[PDB]
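This document opens with one chain alone, in structure tokens, the form deposited in one PDB entry.
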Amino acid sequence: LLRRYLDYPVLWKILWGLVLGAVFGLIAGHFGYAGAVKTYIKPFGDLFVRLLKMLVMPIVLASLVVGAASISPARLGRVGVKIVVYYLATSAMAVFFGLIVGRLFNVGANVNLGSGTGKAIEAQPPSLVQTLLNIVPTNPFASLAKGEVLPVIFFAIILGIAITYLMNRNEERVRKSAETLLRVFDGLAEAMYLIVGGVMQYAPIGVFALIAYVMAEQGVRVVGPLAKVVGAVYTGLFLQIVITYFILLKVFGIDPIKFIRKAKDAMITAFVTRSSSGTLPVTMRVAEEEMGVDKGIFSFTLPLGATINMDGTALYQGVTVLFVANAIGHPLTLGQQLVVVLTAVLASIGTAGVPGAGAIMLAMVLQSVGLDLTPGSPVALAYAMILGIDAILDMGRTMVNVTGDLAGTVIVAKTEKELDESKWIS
């Protein structure tokens, strides 16, 4: 029905598309025409993923500039520290919980890939200082072109601070220019939120392609030892939520039951669309209208958290590294655990908020702890067997990412007295 497709609620409609995609993938696996749906329908999902990749650099740049320029630098610094310490602490806690649930379920135990006794002693080159110096961009236009996210974030936040210093100057010729630049970037961020609204109204037909192709191709590829991985990552994410976010929220004052009951309208959308930087309008309109946090707190943290605060992806990498280490016969140790918790943070933070980017950055952590990536080694086979259920793991780790984003912004607000205390009373 023309014009009626758009009229269904983008939340329920996209969930309806996701719950139909599984049925259609199963009926295709019954027909056994996986090639037909890989050639016909899969391009829809790939176009949707390209659409959601188009809106990761401009949004992060413009929105970070606007957020960091709409705050007084004192309040901006306070919120920045109180949000960055939280992001790093919860990222490390998520990686540790991932390692815990890995040791508990013993993922990848009887795959028998059997890597030879060759190059195995080199295990810990953590290049901390270099991957931290790579934050400041050498040339911001380059770091925008090539696609690096964290350098663009740093440059945007320093430009925002510069602008918020400029609008207090004395020359009326230099105030009305910073004002105009800030209004330019604000118009850009708002146009990008409208574009994401459009892409999200399109997203049901894209999810019905992505998940249907994933099913029809892996309709029988979820029976082997990958069952333990997919039942370990979800248990790790649930434990992450109910043991970290609950503790934090309940300690700081907000009731976590209400937190989930209010955030579900964005948790579900992030779950279905499996993309952090593609659900910023929904999470911001559920932080403002429902969670009740003023513009100063949720116009900077949530634009930031949706690109660096990645707890789900961090736990996914933490369990997957241990899986691939257990598959070829090298279980990690205490030192390897304390180096992988250090490198998974810096490998998930630098990840863009686009689908399928949690497996790409898995290279920068497999190459980190000893392992190689050449297609000749069995680690290539394990990497492919992970990239298989990449989709079913992303569709949960993105939800946990967005939930952690909302928990962090709500906690930073509760530590700034700017909450909408009326909502949490009834």
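Note that residue numbering follows the sequence shown and begins at 1. Here the rigid core means the biggest group of C-alpha atoms that line up within 1.5 Å when the two forms are laid on top of each other.
From this point on, the text means the form deposited in another entry, which you will not see here.
With both forms fitted on the core, check whether the Cα of residue 236 differs by 2 Å or more between this form and the one not shown. No; that C-alpha moves by less than 2 Å between this form and the one not shown.
Just checking, between this form and the one not shown and with the core aligned, does residue 353 shift 2 Å or more at the CA? True for residue 353: a C-alpha shift of 2 Å or more.
Is residue 165 one of the residues whose Cα moves 2 Å or more between this form and the one not shown, with the core superposed? For residue 165, whose C-alpha is compared between this form and the one not shown after core superposition, the shift is 2 Å or more.
Can you tell whether residue 359 sits closer to or farther from residue 226 in the other entry than it does here, judged by CA atoms, where the change is 3 Å or more? Their C-alpha distance grows by at least 3 Å in the other entry.
Pin down for me whether the residue 293-residue 188 Cα distance shrinks or grows in the other entry relative to this form (closer or farther, change of 3 Å or more). Closer together, which means the C-alphas of residue 293 and residue 188 are at least 3 Å nearer in the other entry.
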